[PDB]
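Numbering (my numbering), first residue to last: -5 to 93. The beta carbon of each residue, even a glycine, is placed where N, CA and C say it ideally should be.
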Ligand SMILES: [Ca+2]
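What follows is the structure, encoded as structure tokens:
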């Protein structure tokens, strides 16, 4: 419910490769009143409407997203979790392309 952390801050991507990107972020301002336990990473190709889980329960401020396809544009969103589930998502600023 409303025990939701705020969004992670400064979601950014770098270190692009043939098949991966490296996301980094900072902790949310509000943890929802319960300690943060991890982050959840989702992705979607820009032309599809569906978000897809990449990894949950990430205990870091970063994640290398694997198995990305050359020629596709991708979006990513990260949410912080606490014991009551994930909070509001942070979004990348622009899609990631591949080549
Ligand atoms: Ca680390």
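Residues near residue i in its chain [Cβ-Cβ closer than 8 angstroms; skip 5 each side]
i	result
residue 7	15, 16, 17, 18, 70, 86 and 90
residue 3	19, 20, 21, 22, 23 and 84
Under the three-state DSSP convention, the category residue i falls into
i	result
residue 69	strand
residue 40	coil
residue -2	coil
residue 91	coil
residue 95	Because the chain here runs from -5 to 93, residue 95 falls outside it and cannot be looked at.
residue 45	coil
Beta-carbon contacts of residue i that lie in its chain and below 6 angstroms, excluding the five residues immediately before and after
i	result
residue 33	52, 72 and 74
residue 45	36 and 38
residue 80	34 and 73
residue 66	39 and 92
residue 50	34
Sequence-distant residues of its chain with Cβ nearer than 7 angstroms to residue i (five each side left out)
i	result
residue 56	16, 17 and 18
residue 58	14 and 16
residue -1	22, 24, 25, 26, 30, 74, 76 and 81
residue 10	90
Buried or exposed (CB count within 10 angstroms, at least 16 for buried), residue i
i	result
residue -4	exposed
Residues near ligand 1, CB to any non-hydrogen atom under 6 angstroms, in chain order? 54 and 56
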